[PDB]
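>>> following this: a sequence and the matching experimental structure.
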Amino acid sequence: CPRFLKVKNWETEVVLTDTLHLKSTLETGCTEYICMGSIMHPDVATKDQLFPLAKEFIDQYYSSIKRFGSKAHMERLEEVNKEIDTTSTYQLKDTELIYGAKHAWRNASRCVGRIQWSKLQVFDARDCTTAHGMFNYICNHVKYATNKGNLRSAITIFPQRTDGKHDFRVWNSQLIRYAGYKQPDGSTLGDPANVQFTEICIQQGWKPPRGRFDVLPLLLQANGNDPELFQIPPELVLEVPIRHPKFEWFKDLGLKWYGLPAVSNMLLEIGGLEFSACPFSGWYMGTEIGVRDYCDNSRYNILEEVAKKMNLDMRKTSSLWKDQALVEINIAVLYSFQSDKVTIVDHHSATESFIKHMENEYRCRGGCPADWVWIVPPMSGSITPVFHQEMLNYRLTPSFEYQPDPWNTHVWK
Amino acid sequence: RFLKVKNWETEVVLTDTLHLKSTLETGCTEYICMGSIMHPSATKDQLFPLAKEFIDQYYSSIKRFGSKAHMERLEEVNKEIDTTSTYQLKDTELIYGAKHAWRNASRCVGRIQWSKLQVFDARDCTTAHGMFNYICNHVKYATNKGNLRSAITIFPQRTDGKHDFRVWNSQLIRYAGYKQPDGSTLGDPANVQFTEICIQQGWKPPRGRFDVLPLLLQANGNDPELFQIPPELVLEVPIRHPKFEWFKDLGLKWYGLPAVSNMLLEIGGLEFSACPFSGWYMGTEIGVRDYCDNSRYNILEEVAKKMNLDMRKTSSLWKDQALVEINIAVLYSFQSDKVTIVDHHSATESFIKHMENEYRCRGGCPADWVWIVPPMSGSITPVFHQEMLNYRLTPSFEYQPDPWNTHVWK
Ligand code: HEM
Ligand code: HEM
Ligand SMILES: Cc1cc(N)nc2cc(-c3cncc(CN)c3)ccc12
Ligand SMILES: Cc1cc(N)nc2cc(-c3cncc(CN)c3)ccc12
Ligand SMILES: C[C@H](O)[C@H](O)[C@H]1CNc2nc(N)[nH]c(=O)c2N1
Ligand SMILES: C[C@H](O)[C@H](O)[C@H]1CNc2nc(N)[nH]c(=O)c2N1
Ligand SMILES: [Zn+2]
């Protein structure tokens, strides 16, 4: 590969130069002859495999704290090596763990919120041994991160993977999500996105209230054991009823959402170590709720009902009734969150921050991996500054990765 | 290897095999994806294999592969490259190559229409006057009094690179843009340079907001010459709004015919440096990009002011409101004047249908999600949820440099 790669902004003319891509680690799935950039997703490491992955990471850490080549550096190297040699694995120092998590966020190509990356509260939970303990750590995470509506980004890191027969897993895709109930007639009550997991919970013994906005239980797996159900204390689940500053009838739709977005099904990879349970949280960009959660056909799909109350012509598409309802819904979502002093960012403020962020990164770091297909908002794309920004996409480590759903791989005891 | 694309809304999966047939490069590598880069970056000896590939594809298309006709065509083309360092397409070939350059345009959402293309052979052209004649005929035909018709006009192929044919306008019909002494811009800011270049060539600028630019035409590598498109051939629409009486008072208008004129058509190794093609508009092209881009007409603030919207915080989403309204007026206006147009909902529907057609009968369809997904209300259109595979098939449309950056004058 050539040393320098240039990206252009087509509305400001600014040109950046990327050299960081030279540290890329994994294959993107793209080739010389095909681009998989809109594909959503394009047994443990051996001693030999782990050795250089650990060294790669350790060198990077010591270079970050400006101690590269130092005695402490060479010693840490030697200690990691012995520990891999005799135990087939190694343990991170607290400093390294914090660094690793922060940088995995810093490296998340698909995240528009990464200007905040270095303000992340890390909760070390590698001493956890049971599902009840996981429940304890998750409740503390939720309470701290929620902070009465003044949200704070956090990650809780459970023990790494060992032989793969003892994984810690949060079976929920997010710590907080609403149930979906398939009806005998084909309709879905609540959130259709969560139907599969809800059925799992019910089989596992969950008594469902069978409502439209029932918070799902946590389904938690420690040390490779069968998962166990716990109810999140309702007082820890901050929620916002959705109203509209102009449309008084909007409240009569009975919509609400939860304040804390906390993805819990991803895998954190640091120096070749695999943390299969690492729930992390920030705060919402309005569109994640207002456009996706609410207006996706396979989600709450309320465009129709909202358009009706707006008395729009719904017989032509060229009326753009859908487009018109979408904006109002998103206005209500931002309005309700701000009114209740719960942290939320609109897609304009977010994409502008991110452009500023990306610029700083290119200048101080020599680059910033970004996935345009994900970075650009799902509404009003071209009137946000990221639309016109060229991005390069590539995989740096430490990183967050997808993993299979645990019910597909789990060996039931 | 076969490749699967999934639609996450319908859960439908299609299997791509056609991608095995490309040879050109996309710009990505295994380690870096450049899917969001706008522009990633002959001889006798190079020419024949390219020719052989295209001839083979053609006779395969008409189910006469390995036929007598096929065999001789191939030798005819080899002898001609041998003895002239180039060759000339048959008319049938020219037509087949042009339709398939459109079929292979990964960034074009309108490709369901692809085999409905009127192909104008202008390869006998020699002067800028001829070009102008050919272009007026195109414009008049494709406009069709509002019932627009897809068309392309193909001027002589590149020979030695010293004698290119070029349409220096980026589109046949665009409005002028003027640098105002106080720093602002009158008209269309995307065209300020080209406008100054016309003024420098002797064009007398009305210095208004919607001045149709002259044709600047280059033939056989000569200096370019100015021509005024007869006004009655230029179909335009005054933009008004079905609810907002005051929208007409903004004085806004646009042209009915989108006719891109600065790209390059490549067929079997031949380069057609001048090949204006036109179709009809998707609403958002005018209503989102042309009017609301900051480096364009930048009219969002004006419209939102008449709507009496709170413009003090971004989170009131006033920009998003004005945007939808502008795009309503645009669709309304065209349809009222019976000028062909398509809204991004219907267009994206059509395209998902096209993909299904193309996977079924052709084993795939190249597509650029970055460009295919509309610049407003993305995820409430079906293409947002459609995985797409991009790859470059030939015959094709490519980009070329602006001719003023290369041309040595007189
Ligand atoms: C603090 C405010 C944050 C904002 C505004 C934000 C914004 C976003 C948005 C809009 C997405 C796309 C989500 C979707 O379309 O479903 C996203 C994805 C993502 N974010 Fe951030 N995020 C924030 C915090 C964080 C934190 C704290 C982390 C990790 C430490 C993180 C890591 C990620 C990752 C890994 C993805 C990709 C998820 C996937 O592919 O499924 N984000 N973010
Ligand atoms: C018939 C109705 C058509 C519609 C509704 C349509 C729609 C579009 C749109 C919205 C774009 C994106 C352009 C942009 O955002 O700047 C595009 C791109 C493109 N179209 Fe189509 N188009 C049509 C016909 C055609 C025809 C007739 C041709 C050629 C014979 C064509 C070839 C292309 C090419 C080569 C691009 C890529 C332009 C670039 O890369 O800059 N299209 N089309
Ligand atoms: C940290 C964080 C913050 C934030 N505002 N949104 C997120 C959204 C996701 C996310 C990714 N894929 C799917 C979903 C569920 N539709 C959510 C993950 C993490 C997020
Ligand atoms: C055939 C055709 C039809 C249509 N409706 N729009 C087009 C738009 C373009 C196009 C592509 N890139 C840049 C521009 C100028 N902003 C225009 C090219 C051809 C088009
Ligand atoms: C940087 C980015 O590639 C650029 O803004 C692209 C994004 N997608 C686009 N899509 C379309 N249809 N037209 C465009 O001009 C662009 N611009
Ligand atoms: C097909 C496509 O990759 C898929 O629909 C993606 C597109 N971009 C996205 N962007 C974000 N932020 N979130 C998403 O879920 C998606 N979905
Ligand atoms: Zn790619």
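Yep, that arrived. Residues are numbered from 1 along each chain as shown, chains lettered A, B, ... in the order given. Ligands and ions are numbered 1, 2, ... in the order given.

>>> just confirm residue A:152 is within a strand.
No - applying DSSP: H, G, I helix; E, B strand; the rest coil, one finds residue A:152 to be coil, outside a strand.

>>> excluding its backbone neighbours, what's nearest it?
Computed as Cβ to Cβ, 6 or more residues apart in numbering or on different chains, the closest residue to residue A:152 that is not its neighbour in sequence is residue A:145, at 5.5 Å. Where you see a C-beta, it was placed from the backbone N, CA and C, and this is true even at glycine.

>>> tell me how many other residues surround the residue in the stretch 151-300 of chain A that ligand 6 sits nearest to.
Relative to ligand 6, the nearest point of the stretch 151-300 of chain A is residue A:292 (6.7 Å; Cβ to the nearest ligand atom). Neighbour count of residue A:292, defined by other Cβ atoms under 10 Å in any protein chain shown: 18.

>>> got phi/psi on it?
Dihedral angles of residue A:292 (phi, psi; degrees, to the nearest 10) stand at phi -90, psi -60.

>>> ligand 5 contacts on chain A?
Those residues of chain A that sit near ligand 5, judged by Cβ under 6 Å from any ligand atom, are A:10, A:387-390.

>>> nearest to ligand 1 among those?
Compare each of the residues of chain A next to ligand 5 with ligand 1 using Cβ to the nearest ligand atom and the shortest gap goes to residue A:387, at 14.8 Å.

>>> contacts only, for that closest one.
A:376, A:381, B:375 (Cβ atoms under 8 Å, 6 or more residues apart in numbering or on different chains).

>>> save those residues as JSON lines, and put in distance to ligand 3 too.
JSON lines is the format used below for the contacts of residue A:387 (distance: Cβ to the nearest ligand atom, whole Å):
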{"residue": "A:376", "distance to ligand 3": "15"}
{"residue": "A:381", "distance to ligand 3": "18"}
{"residue": "B:375", "distance to ligand 3": "23"}
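
>>> how about the residues of chain A by ligand 7?
Within reach of ligand 7 by Cβ under 5 Å from the ion, chain A has these residues: A:30, A:35, A:37.

>>> correct me if wrong: the residue nearest to residue A:152 contacts residue A:139.
No - counting by Cβ atoms under 8 Å, residue A:145 stays clear of residue A:139, with 10.9 Å between them.

>>> from chain B, how far out is residue A:366?
14 Å (Cβ to the nearest Cβ, to the nearest Å).

>>> ditto for residue A:368
Counting by Cβ to the nearest Cβ - residue A:368 and chain B are separated by 13 Å.

>>> okay, now that residue: neighbour count?
Residues lying near residue A:368 (other Cβ under 10 Å) number 25.

>>> point me to the residue of the stretch 301-413 of chain A nearest ligand 4.
For the stretch 301-413 of chain A, Cβ to the nearest ligand atom, closest residue to ligand 4: residue A:382, 11.3 Å.

>>> swap that for the stretch 101-250 of chain A, sorry
Counting by Cβ to the nearest ligand atom, the stretch 101-250 of chain A gets nearest to ligand 4 through residue A:112 (25.3 Å).

>>> what sits against that residue?
A:285, A:350-351, A:354, A:374-375, A:386.

>>> can you rerun that using 6 Å?
A:350, A:354, A:375 (Cβ atoms under 6 Å, 6 or more residues apart in numbering or on different chains).

>>> could you dump these to TSV with secondary structure?
Listed next are those as TSV, based on three-state DSSP:
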residue	secondary structure
A:350	helix
A:354	helix
A:375	helix
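
>>> before we move on, the earlier item: out of the residues of chain A next to ligand 7, who's nearest ligand 6?
Out of those, the member with the shortest distance to ligand 6 (by Cβ to the nearest ligand atom) is residue A:37, at 8.2 Å.

>>> wait, residue A:90 sits on residue A:79?
No - here residue A:90 does not reach residue A:79: they are 8.2 Å apart, not a contact under Cβ atoms under 6 Å.
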